[PDB]
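Fold and geometry: a report
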Amino acid sequence: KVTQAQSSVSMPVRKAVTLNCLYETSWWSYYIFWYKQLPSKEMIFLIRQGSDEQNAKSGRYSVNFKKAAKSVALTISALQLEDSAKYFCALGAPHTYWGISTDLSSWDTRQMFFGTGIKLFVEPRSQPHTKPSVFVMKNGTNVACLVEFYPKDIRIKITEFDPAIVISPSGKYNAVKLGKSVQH
Amino acid sequence: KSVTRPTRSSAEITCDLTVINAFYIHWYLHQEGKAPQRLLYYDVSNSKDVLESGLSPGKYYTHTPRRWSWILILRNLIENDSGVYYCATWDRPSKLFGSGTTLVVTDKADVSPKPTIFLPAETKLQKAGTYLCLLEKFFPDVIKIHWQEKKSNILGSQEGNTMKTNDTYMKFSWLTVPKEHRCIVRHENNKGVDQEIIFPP
Amino acid sequence: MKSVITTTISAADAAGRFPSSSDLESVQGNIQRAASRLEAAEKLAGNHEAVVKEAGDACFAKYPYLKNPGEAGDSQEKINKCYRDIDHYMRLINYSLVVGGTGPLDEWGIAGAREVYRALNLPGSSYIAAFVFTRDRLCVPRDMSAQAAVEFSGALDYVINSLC
Amino acid sequence: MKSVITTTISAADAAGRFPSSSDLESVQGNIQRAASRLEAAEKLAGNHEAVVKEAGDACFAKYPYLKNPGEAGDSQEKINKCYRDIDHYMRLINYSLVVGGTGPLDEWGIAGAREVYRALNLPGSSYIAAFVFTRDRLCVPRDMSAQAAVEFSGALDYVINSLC
Amino acid sequence: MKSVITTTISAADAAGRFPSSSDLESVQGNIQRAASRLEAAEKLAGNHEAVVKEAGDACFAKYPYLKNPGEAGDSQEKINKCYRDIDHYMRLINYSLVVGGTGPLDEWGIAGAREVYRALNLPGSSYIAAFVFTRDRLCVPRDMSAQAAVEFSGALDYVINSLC
Amino acid sequence: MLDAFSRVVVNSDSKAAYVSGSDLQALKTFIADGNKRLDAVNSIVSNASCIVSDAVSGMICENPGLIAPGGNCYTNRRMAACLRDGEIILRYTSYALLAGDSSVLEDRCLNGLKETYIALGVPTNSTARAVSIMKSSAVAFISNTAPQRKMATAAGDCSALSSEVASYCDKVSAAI
Amino acid sequence: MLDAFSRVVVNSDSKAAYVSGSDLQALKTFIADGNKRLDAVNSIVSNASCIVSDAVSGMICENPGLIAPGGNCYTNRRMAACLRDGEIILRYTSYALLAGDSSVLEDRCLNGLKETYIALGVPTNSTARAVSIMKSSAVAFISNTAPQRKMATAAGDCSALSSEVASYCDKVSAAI
Amino acid sequence: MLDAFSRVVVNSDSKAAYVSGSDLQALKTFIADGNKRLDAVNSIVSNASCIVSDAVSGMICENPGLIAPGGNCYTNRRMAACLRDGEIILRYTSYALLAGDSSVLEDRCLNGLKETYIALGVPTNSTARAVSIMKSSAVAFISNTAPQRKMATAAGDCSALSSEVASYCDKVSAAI
Ligand SMILES: C=CC1=C(C)[C@@H](Cc2[nH]c(/C=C3N=C(/C=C4\NC(=O)[C@H](C)[C@H]4CC)C(C)=C\3CCC(=O)O)c(CCC(=O)O)c2C)NC1=O
Ligand SMILES: C=CC1=C(C)[C@@H](Cc2[nH]c(/C=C3N=C(/C=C4\NC(=O)[C@H](C)[C@H]4CC)C(C)=C\3CCC(=O)O)c(CCC(=O)O)c2C)NC1=O
Ligand SMILES: C=CC1=C(C)[C@@H](Cc2[nH]c(/C=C3N=C(/C=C4\NC(=O)[C@H](C)[C@H]4CC)C(C)=C\3CCC(=O)O)c(CCC(=O)O)c2C)NC1=O
Ligand SMILES: C=CC1=C(C)[C@@H](Cc2[nH]c(/C=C3N=C(/C=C4\NC(=O)[C@H](C)[C@H]4CC)C(C)=C\3CCC(=O)O)c(CCC(=O)O)c2C)NC1=O
Ligand SMILES: C=CC1=C(C)[C@@H](Cc2[nH]c(/C=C3N=C(/C=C4\NC(=O)[C@H](C)[C@H]4CC)C(C)=C\3CCC(=O)O)c(CCC(=O)O)c2C)NC1=O
Ligand SMILES: C=CC1=C(C)[C@@H](Cc2[nH]c(/C=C3N=C(/C=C4\NC(=O)[C@H](C)[C@H]4CC)C(C)=C\3CCC(=O)O)c(CCC(=O)O)c2C)NC1=O
Ligand SMILES: C=CC1=C(C)[C@@H](Cc2[nH]c(/C=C3N=C(/C=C4\NC(=O)[C@H](C)[C@H]4CC)C(C)=C\3CCC(=O)O)c(CCC(=O)O)c2C)NC1=O
Ligand SMILES: C=CC1=C(C)[C@@H](Cc2[nH]c(/C=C3N=C(/C=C4\NC(=O)[C@H](C)[C@H]4CC)C(C)=C\3CCC(=O)O)c(CCC(=O)O)c2C)NC1=O
Ligand SMILES: C=CC1=C(C)[C@@H](Cc2[nH]c(/C=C3N=C(/C=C4\NC(=O)[C@H](C)[C@H]4CC)C(C)=C\3CCC(=O)O)c(CCC(=O)O)c2C)NC1=O
Ligand SMILES: C=CC1=C(C)[C@@H](Cc2[nH]c(/C=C3N=C(/C=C4\NC(=O)[C@H](C)[C@H]4CC)C(C)=C\3CCC(=O)O)c(CCC(=O)O)c2C)NC1=O
Ligand SMILES: C=CC1=C(C)[C@@H](Cc2[nH]c(/C=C3N=C(/C=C4\NC(=O)[C@H](C)[C@H]4CC)C(C)=C\3CCC(=O)O)c(CCC(=O)O)c2C)NC1=O
Ligand SMILES: CCC1=C(C)[C@@H](CC2=N/C(=C\c3[nH]c(C[C@@H]4NC(=O)C(C)=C4CC)c(C)c3CCC(=O)O)C(CCC(=O)O)=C2C)NC1=O
Ligand SMILES: CCC1=C(C)[C@@H](CC2=N/C(=C\c3[nH]c(C[C@@H]4NC(=O)C(C)=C4CC)c(C)c3CCC(=O)O)C(CCC(=O)O)=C2C)NC1=O
Ligand SMILES: CCC1=C(C)[C@@H](CC2=N/C(=C\c3[nH]c(C[C@@H]4NC(=O)C(C)=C4CC)c(C)c3CCC(=O)O)C(CCC(=O)O)=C2C)NC1=O
């Protein structure tokens, strides 16, 4: 069993965030896997940490493993803008032949137990407030208002839909309001 | 990446695991709020399905369309059966995962994404415009909008969120152009192949 | 499987004779020694996980160089394989105690073991250290009776002699 | 003593035939490769003491545990015997280079070495480390010509394979 | 098919060993001597018809009694069979030069030839006359190089010794 | 070859399991009945000549064509071979009884015995009848009910060993 | 057994033909590449234990059911038999590479190997996997592309010898 | 069996010494004369039947009692045994010449040959005469001084190989 108690953690860019995952186990030897689920839901392997190994490190990714406390909390360092995902603490015992139940299974049949995941949002770094340039987009009885604005506080009728605030690659925010002005 | 099928029907879950020396294929369900959990694994050599305890046989079947190919079959679909499914096989350092397909089970229209196109002032101001493409009333919400050039195969394009309109969904995307940049749309329901939208200068 | 019964029956079959007084006498010895044999076997079966853990820990403590890169214990995977090997040997020792002879050990853990360990860079000294630790760790009458201890230590010494 | 000449002559004798075109061809190969293998043998004979010293130093640096009590090399006499064993193997490699085949190695260092090293608790990995260091330490043509190096490394790899 | 390569590989397989330095050395001798023996083979393959006809003429000139009734060669059919046999032997000699060993001769022209010739009243002296004429007729460097001549005459002498 | 203990070990090895408490208890029961098993083996081997000769004679008396010309028991050579093969079958049955397992019987007697008898022309039905008469005689000797031989043994139930002997003889008969 | 020269002679013997100019030129190419062939055979044999141990270990790592109870690599006896078979296959592959012909391999190792493995229960898929890993490692050693062991040879192209080694290993895999 | 290189190694092994510079130079001389040695071996083997018939016929003509009744060469069976023995001795002498060492001859032909001949009644004087005539013919063929057949070789002094052949034949004579 895996217990990721906290989800939706927030941490800025170029920062370090520690994702605290616990686990319950009756296995003498095991491994702990750390997966990030992309918005495309592509479960991606990040780092492998075993029960009887030194705390794992994969460059940016690192683990602070515990045996008695069973705290194998992954730590990410120097976060990039495209590092936000749903991070899963995966407890499995693939390459283990001794110290598990007495079943006749050859560890290729062994399931990888997952925690409920922790979503990470990589907020941009603190920086001087930026004035947004506004263009209102219209083509065929449809109005879309795209707004260089920091923080996420632009605070911008057949139907008007929820504006979408996204972190621009420029280390800032860009927003679109689509519906059938400036306040930042 | 998405599979929409009515209740009391059959859903085919293919995936892209190109593993050749596989011996077991595990099928994980992530129900987007719980942990990804195995329903069964497919014994590749012996062609057996091992359902986890407390389940009922005849709910999950692993089909072998080709050599190194697998598909999960779901009989008498219910809404609880909805989620995201992965085929997982153990690799040397980890467990490899397929791209993952989303199975939405609806009770039982043209739910293709309707392309609303906003050809863009900005080139007067910043000599760099943007093309934003809107796709409305599609089902399911599982969609993928990315932008490419006519010359090459994934340009960094800002992507807004998805919003339910009444019972279908809406989603847009724009690409801050510093040429004919196309807007590839990947949805389940399209005009069989995935969608695509042109944009002129 | 090398045992009292199988040895006597094989000798009689090679001579093409019915079981004689000596064969029944040998089986009587099997009967008498079975008490200690099966006591040791049952204790080992009930406490093998702890015994295997202790043997592996002693093996890696006496030879920390195994954890060096390019050595047999250079990863958690093959450290667990070392513990699994010790478990295999202890299970074969349990089988030998149940059987009454080295048959299971001879056929399943000793035959070809030298070639495997040479080919896989597994020093026999590490196995020997694990089994020596298991043998010298056994306490009488705490762990088993004196004669069950004789059977258990005899199986371990047989494994050690097969490795050295 | 396995060599080109002995192998072909033994084949002809087993068939009970006079030396034929193929036997003379093989001895021509002896002639052709003798330059390289005898250059390797001469270099090894002239620099064997330092080569053996380096091989033993590398063996004991790779496995310092050999100095621990109860292990091969826990006394100065045992370390001297290790260096003498490496000297014996290098002498047999020189003999193989002179002979042109693994004959001297097979008969005098390899045959029974498995049983000797198992009985005396001599880990084959130590010998393998010494010979691997000797093989990788060789430089062309700083130490010997390319083909002499090929023959020397071939003899060393033959010893290593006999040990692993 | 006996050759250098087959001899060394068969010896290694009988001893159950990988090709060692001696085997590669013998193959190197094959490489060295292939030039001469393949020159001889090429010359014989290019001029075999004249050589065969001429060996047959010499055979029947030395033994004109073979044309007498009841003898081998008493009919044009049997004379043509004589020339065909000399052609077969020359082709097998070409094969022996190509492979670098007596293999093709041993297995296809020599084995059982004694029984065949005794049963069919084919005197070995006639074949010996043909091959001796072919051997002594060769001229250096007139027909082939010195070493090609050595290999060709060696094959012919091997055939003669097989017939005498 | 395997005995009861080695059979239990092999079954445990298929599961990579230490010999369980249930298997250990079964082997302890085997040991506790070990004196009875030794008495049963002694009963069989002390009358082995009687068992084999009586069974061959009964097989012949029920099938007189066996000693007729062309019959497989005609020709004292064939009769001696028949008595020898019956004695071999009883010997391996006694081995199985002593071991508590039929592995020795099948592996060293019954493997290829059917094919061998087919090739030789040995009648399978008559051989089965001889093996069944051996079964009955051996069972009687185990239970000391043999009307013409009373082996002094302590009173008790040896019906388990009698059933074991019957099962070994049935395995012989089914092999052919 | 046959070599490349013996193979050419056997082919010529079929048509009662003296070895033609084209076959002679092919064998002259074989000789001119003979030093490269000896290089390749030396690279294989000097790493034979490496190749065999790595191939068997990889076959086990991808298929841990082989070392599970009932698997064909469980029981150190079976493990040593597997390592011995890998060594034998590599030895006959090296024989074929040295000879330039697969006759020695096909006639002394592959002859009856498939039915032997079927009778023994040796899994053909796992054996093929082990032989394929041996092929990859041997080819890497021929081309001196092994990451952890480089053998010094003069610069050149031995892709023909690597392809020949791969062909012998593919012959081994197809035989089973 | 040992060759010249193996003989040098064995001599060096007795002192636990690496092969000395003088021994290496002697073996280099052996290699430089290796083409001469192959020339000599070819000359002997190409005339092996010639030499054996020469020797046995000369031994019989010098001692006509060998073919008289009771003689050891009378009875075509004994005559063929004599011819076979001459061929075997010449074959082992050629082995020694090719190897440059008497080890193969001593260990495989002469070991126990004297006692075997004494038990069989083979006349040691006549056998020695045959061996000496073989020595003369083989020496003539080494030096290409045989009156009836000449073998084309490059001009050079092969007196060392002729003396080696003579030494091997005299060793045969001493053994008997
Ligand atoms: C089937 C085989 C079998 C064995 C070989 C033992 C091995 C073994 N011994 C101990 C544990 C122990 N073993 C001993 C015994 C001794 N310590 C000494 O110093 C004395 C020389 C000797 C007799 C008093 C003691 C005192 C302990 C408890 C403390 C310890 O861990 O050492 C433990 C840990 C669990 C426990 O028993 O508490 C194990 C696995 N047990 C088994 O089941
Ligand atoms: C039925 C009986 C039976 C056994 C007894 C074992 C024996 C055994 N061990 C290994 C395999 C192995 N065994 C070990 C164990 C060791 N690690 C160390 O540090 C020590 C030197 C040593 C134990 C003392 C290691 C390390 C390997 C793998 C070698 C490697 O590639 O690193 C293998 C090869 C297959 C595999 O990879 O699992 C086998 C057959 N297996 C059996 O089936
Ligand atoms: C017969 C076998 C044979 C060998 C295997 C070597 C082994 C060897 N190498 C060195 C010693 C040395 N050997 C070399 C040569 C080389 N060092 C490198 O790192 C390069 C790869 C390579 C070619 C440049 C060097 C540079 C030294 C001195 C530095 C050192 O000790 O590393 C010495 C000590 C004496 C000396 O200085 O030469 C010896 C015995 N010598 C032999 O006679
Ligand atoms: C008795 C033992 C014996 C051997 C072991 C070989 C050793 C040997 N190899 C080559 C020669 C060679 N060896 C190789 C081998 C290779 N080079 C690469 O880059 C590839 C990775 C690899 C393929 C196998 C090549 C390509 C040559 C040709 C170089 C040349 O001829 O100059 C030569 C010729 C001269 C030289 O270059 O030294 C010799 C003698 N010959 C023998 O007689
Ligand atoms: C592959 C084997 C091979 C041989 C054995 C020879 C054999 C041979 N050479 C010649 C051909 C000839 N060869 C020579 C040369 C010589 N004259 C002598 O007396 C010397 C011994 C010799 C070197 C001076 C001459 C002079 C002829 C023509 C005259 C003749 O037939 O004797 C002929 C006659 C037909 C012809 O070729 O024109 C024959 C059968 N050729 C071959 O292809
Ligand atoms: C082809 C040649 C050949 C033979 C020579 C005979 C030999 C022979 N005799 C008997 C069998 C027998 N033979 C006898 C004969 C004897 N009774 C006496 O009082 C005397 C001592 C003795 C001869 C005078 C008896 C009584 C039996 C029956 C044995 C029994 O079942 O008790 C049997 C066993 C089968 C049977 O019951 O018939 C055989 C093979 N049969 C052959 O097929
Ligand atoms: C030299 C070898 C050797 C043997 C042959 C046996 C003989 C033997 N049998 C039994 C003991 C026994 N033997 C039998 C046997 C039988 N009783 C019947 O009524 C059946 C007809 C028959 C079945 C085969 C029984 C039933 C017992 C149990 C009696 C008891 O244990 O008190 C005992 C224990 C003491 C006794 O009760 O006498 C012994 C030593 N043991 C040996 O070591
Ligand atoms: C000259 C050719 C030559 C061969 C190629 C082998 C072929 C061969 N292999 C085995 C025997 C065996 N071979 C294997 C090997 C295998 N098990 C696996 O899991 C792998 C897939 C595979 C090797 C890659 C095993 C495990 C056995 C023992 C089978 C058993 O006892 O159940 C046997 C039976 C005798 C024995 O056990 O040694 C033979 C003849 N032997 C030869 O003489
Ligand atoms: C006890 C039985 C027995 C025999 C059957 C003969 C058989 C026999 N004959 C000869 C020996 C001989 N036999 C002959 C006979 C022949 N001359 C011809 O012209 C014909 C071709 C042929 C008869 C048809 C000749 C010529 C020799 C001498 C061979 C030679 O030295 O050239 C020899 C060799 C010894 C010797 O030189 O005498 C022997 C063993 N000798 C025996 O001891
Ligand atoms: C590997 C070594 C090797 C040898 C050297 C021979 C040695 C040898 N020679 C003979 C046997 C014989 N050897 C001879 C030979 C001789 N008679 C003479 O008159 C001559 C003087 C002399 C040869 C020059 C004879 C005549 C016999 C037969 C004697 C007999 O059967 O009475 C025998 C007994 C078996 C047989 O008859 O073949 C043996 C072992 N054989 C071998 O295998
Ligand atoms: C595979 C088969 C094979 C052989 C059969 C030999 C054949 C052979 N012999 C010599 C070479 C020689 N052969 C002889 C032989 C002799 N000259 C005399 O005058 C004496 C009568 C006689 C003594 C035996 C001599 C003296 C040389 C030296 C000439 C030289 O090397 O140039 C050479 C070197 C080149 C040459 O000059 O021809 C070769 C290749 N080598 C082989 O590789
Ligand atoms: C005259 C042609 C003839 C025979 C021969 C027998 C042969 C015979 N013996 C039997 C059965 C049998 N036979 C013996 C052997 C018996 N015990 C001894 O110790 C002595 C000395 C014996 C030899 C005579 C025993 C002990 C049994 C067990 C059953 C019983 O007889 O009570 C059975 C019965 C098998 C069954 O139950 O199906 C038969 C048919 N019958 C015939 O019709
Ligand atoms: C931990 C479980 C495990 C293994 C064991 C290996 C087993 C293995 N070795 C391979 C392949 C392989 N193996 C070697 C040998 C290797 N290289 C060297 O330089 C030396 C000294 C070596 C000793 C080990 C070579 C040279 C190759 C060629 C390919 C390569 O590695 O580049 C391949 C690929 C075969 C193919 O191409 O199909 C495998 C699967 N892999 C695993 O996952
Ligand atoms: C008629 C009773 C009779 C004989 C038979 C011979 C037998 C004979 N041949 C010899 C010696 C001998 N024999 C041959 C073989 C011979 N030479 C050739 O060139 C070819 C092709 C040959 C085939 C026959 C050679 C080469 C020699 C070497 C000495 C020489 O002839 O010059 C020697 C001398 C041995 C010595 O030197 O001690 C003798 C006695 N002599 C006889 O009195």
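Residues numbered from 1 in each chain as written, not as in the entry; some residues may be left out. Chains lettered and ligands numbered in written order. Part of a larger assembly, values for the part shown. Heavy atoms only, no water. Residues with missing side-chain atoms left out of burial classes, pairs and counts.

**Considering the overall build of chain C**
We apply this condition: Every helix listed is a DSSP run of H or I at least four residues long, and every strand listed is a run of E at least two residues long, numbered separately from the N terminus. Think of it in three bands: with a 1.4 Å probe and only protein chains considered, a residue is buried below 20% of the maximum accessible area for its type, exposed above 50%, and partly exposed in between. Any two residues having at least one pair of non-hydrogen atoms within 4.5 Å are treated as being in contact. Note on areas: Shrake-Rupley, 1.4 Å probe, and residue coverage restricted to the protein chains presented here. Just so you know, the count uses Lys and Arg for positive and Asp and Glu for negative, and it drops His and the chain ends. Just so you know, the charge point we use is NZ for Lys, CZ for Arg, CG for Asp and CD for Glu.
Along its length, chain C carries eight helices and zero strands. Of the regular secondary structure in chain C, the N- to C-terminal order runs α-α-α-α-α-α-α-α. Residue burial in chain C is summarised as follows: out of 164 residues, 59% are buried. For chain C, the share of sequence-separated contacts (at least 6 apart) that also reach a separation of at least 24 residues comes to 69%. Surface accessibility of chain C: about 6,100 Å² in total, with carbon and sulfur atoms responsible for 55%. In chain C, the 17 positive side-chain charges and the 20 negative ones have mean positions that sit 3 Å from each other.

**Some details on the site of ligand 9**
All names here are of chain H. Which entries qualify depends on this criterion: A single heavy atom is enough: if one lies within 4 Å of a molecule or strand, its residue is considered near that molecule or strand. Between N or O atoms, a polar contact is any pair within 3.5 Å; within protein, one atom must be a potential hydrogen donor and the other a potential acceptor, and residues adjacent in sequence are included only when both atoms are from side chains. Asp, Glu, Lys and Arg are counted as charged, while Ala, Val, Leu, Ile, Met, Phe, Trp, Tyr, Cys and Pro are counted as nonpolar; the rest, among them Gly, fall into the polar class.
As a matter of local geometry, ligand 9 sits amid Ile60, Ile67, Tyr74, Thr75, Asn76 and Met79. One of the backbone N or O atoms of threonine 75 is found 2.8 Å from an oxygen atom in ligand 9. For ligand 9, the accessible surface in isolation is 870 Å², of which the surrounding protein chains cover 29%. Class assignment of the residues belonging to the shell around ligand 9 gives a composition of four nonpolar, two polar and no charged.

**Points about the environment of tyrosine 85 of chain B**
Residues and elements named next belong to chain B. For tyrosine 85, the position within the fold is in strand β8 (residues 83–90). The buried category is assigned to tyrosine 85, whose relative accessible area is 1%. Sequence separation of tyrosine 85 and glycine 98 is 13 residues, and the distance between their C-alpha atoms is 8.9 Å. What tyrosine 85 contacts, discounting residues up to four positions off in sequence, is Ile13, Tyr28, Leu29, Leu39, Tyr60, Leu72, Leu74, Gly100, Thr101 and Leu103. Within polar-contact distance, the side chain of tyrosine 85 engages the backbone oxygen of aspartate 81 at 2.4 Å.

**Regarding the packing of aromatic side chains**
In plain terms, the rule: Aromatic rings from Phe, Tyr and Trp, taking only the six-membered ring of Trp, are treated as a pair when their centres fall within 6.5 Å; an angle between ring planes under 30 degrees marks them as stacked, one over 60 as edge-to-face, and anything in between as tilted. Criterion for a charge above a ring: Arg CZ or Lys NZ at most 6 Å from the ring centre, at most 35 degrees from the ring normal.
All chains considered together, the criterion is met by 52 aromatic pairs over all chains. Centroid distance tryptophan 27 of chain A to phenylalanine 113 of chain A: 5.8 Å. Interplanar angle 50°. Geometry classified as tilted. Of this pair, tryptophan 27 of chain A sits in the loop between β4 (22–23) and β5 (31–37) while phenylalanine 113 of chain A sits in strand β11 (residues 113–114); the two residues are 86 residues apart in sequence, bridging distant segments of the chain. Taken together, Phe33, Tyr35, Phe45, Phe88 and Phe114 of chain A together with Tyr28, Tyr86, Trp90 and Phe97 of chain B form an aromatic cluster joined through their ring pairs. The ring centre of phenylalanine 5 of chain H lies 5.1 Å from the NZ or CZ of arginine 37 of chain D, which sits over that ring. Positioned above the aromatic ring of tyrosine 92 of chain G, the side-chain terminus of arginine 91 of chain G is 4.8 Å from the ring centre.

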